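For this one, two forms of the same chain are given in structure tokens, first as structure 1 and then as structure 2.
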Structure 1
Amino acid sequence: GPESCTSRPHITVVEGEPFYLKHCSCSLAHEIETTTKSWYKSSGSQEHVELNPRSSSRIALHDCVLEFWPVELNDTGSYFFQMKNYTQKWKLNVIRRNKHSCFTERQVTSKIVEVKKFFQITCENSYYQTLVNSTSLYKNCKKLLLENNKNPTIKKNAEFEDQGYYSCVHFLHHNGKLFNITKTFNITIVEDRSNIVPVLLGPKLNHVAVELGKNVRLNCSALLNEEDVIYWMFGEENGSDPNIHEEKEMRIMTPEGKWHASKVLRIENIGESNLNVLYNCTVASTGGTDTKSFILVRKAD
């Protein structure tokens, strides 16, 4: 109330599971007028056969949806919806059920959770919520002892013992026959993946002595993360300078897993313009930045 339309073009589903297809631009508001909605299926090279709304058949076409009670291996194909000033398509691919198991390998949704950080499994379904009889949680296809309501949940601080496949099954009855919707999560616990706020080593302002004609090698070191970037700013906006060269950065990993990056700015044939101008070096992270300025002062000062 409302429900997400299947916007994604390619859909993978497992055989024997009640599945549905909901078109977009679906508004069931009381102001909305009724209109002719058409669903068609394609098989192989070309078919474009209109979907059959037969007397309580496996396929159920109503309101905005194309229900399947359930999907089977032969349902794989290209589906299409047509409306007044609206056309949608999908590439349905129905994969084989792992019979010597409780959940199929391919229909897994992996999540990585950090140790001692909030871990949760909420066994929910909203579309088939009215038809659901009982719901259960499984860890590596072994049932879990809980209060086991209309939604059994896990809520704890993650421990390496929580690593495993969590099958979430929803049993429902459809005009006599029992079906189930199973959604497995591939949870893998991993050690403190905490990042450091980067920092440039040395003072914030450097006056680097040198006389005209000669060359300088401004070195900017940084204590940063693996994914962090270190760069130099020397007026690329005013155009390109053929005397300022930004050498390829160097990276090392300290025994305690600390990253140090060094990038040098080569300033060839120092001229009067290269003097009393701030050559900034900065660290950039998802968790912070730090900037350093290097002023070139005459050796005579």
Structure 2
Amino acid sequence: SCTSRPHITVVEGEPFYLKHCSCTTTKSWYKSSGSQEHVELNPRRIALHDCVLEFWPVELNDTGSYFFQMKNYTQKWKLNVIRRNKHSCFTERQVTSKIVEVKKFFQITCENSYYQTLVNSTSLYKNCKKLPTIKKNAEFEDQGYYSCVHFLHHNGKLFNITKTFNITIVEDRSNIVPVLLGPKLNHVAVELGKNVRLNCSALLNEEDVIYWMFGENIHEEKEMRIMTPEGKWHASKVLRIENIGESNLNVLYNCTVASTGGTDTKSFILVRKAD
């Protein structure tokens, strides 16, 4: 892989790398800080090799923006280094959230496809208590921070790399395929001088949407939502047409319910009186 995003936050004390997404040619790394315009990096804990920039480990020293150039190629990163929680196994900013539904497939797996050849030991923590994988169907009490830790050999002393997942166990919605209530085709009676009010009604979900479709002043709308005794959302919407001409006469006015989960639509035709 490689690191494509403009901004990046990592925790103090931990090994870290920056990989420029283009891979005996001329490379150049540069650093900006407060009063340092572009300090070309030429380190004699930082290592420059084969199109990557390594920190061993990264430090507060290192927050600032970084720039890479390979002839026709250029790249920019804002690097923000943060303080590590020294009393715990992880630090709250460095956490990655996950949502997993109650009775459902749930996995957590410790991996690194970069530093893997240096790894000597890798332990998994739950809320900082040791326990490499967790394969499982979810329980509410699987809510927690799972921390993956990796212990590394690098030229005389020990490093660790730690990633953490905030797992939230979520209740599942009772989601409904929205339905329209009533006949799918409808004939409505009215008189030319006057007005009609068409009501359209549907069973739908919180997120669902109910609307009218005419051609797009003598028209208007407005919406209402009430809960049924079986816990479902009952929604309705009225379309008003004021001084009916014949222009309003054989045209289909479609009311629709549209959901991420499905749709239904029903048409209304305006007729004079004789049927």
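Just so we're on the same page, rigid core means the largest C-alpha set that superposes within 1.5 Å between forms. For residue numbers, the reference is structure 1: its sequence is counted from 1.
When two forms of a protein are overlaid on their rigid core, residues whose CA moves 2 Å or more are considered shifted, and residue 252 is one of them between structure 1 and structure 2. With the core held fixed, residue 63 shows a CA shift below 2 Å between structure 1 and structure 2. Once the cores line up, the CA of residue 269 ends up less than 2 angstroms apart between structure 1 and structure 2. The shift recorded for the CA atom of residue 77 between structure 1 and structure 2 is 0.6 Å, with superposition on the rigid core. On the core-superposed pair, the CA position of residue 47 changes by 2.4 Å between structure 1 and structure 2. On core superposition, residue 202 has its C-alpha offset by 1.1 angstrom between structure 1 and structure 2.
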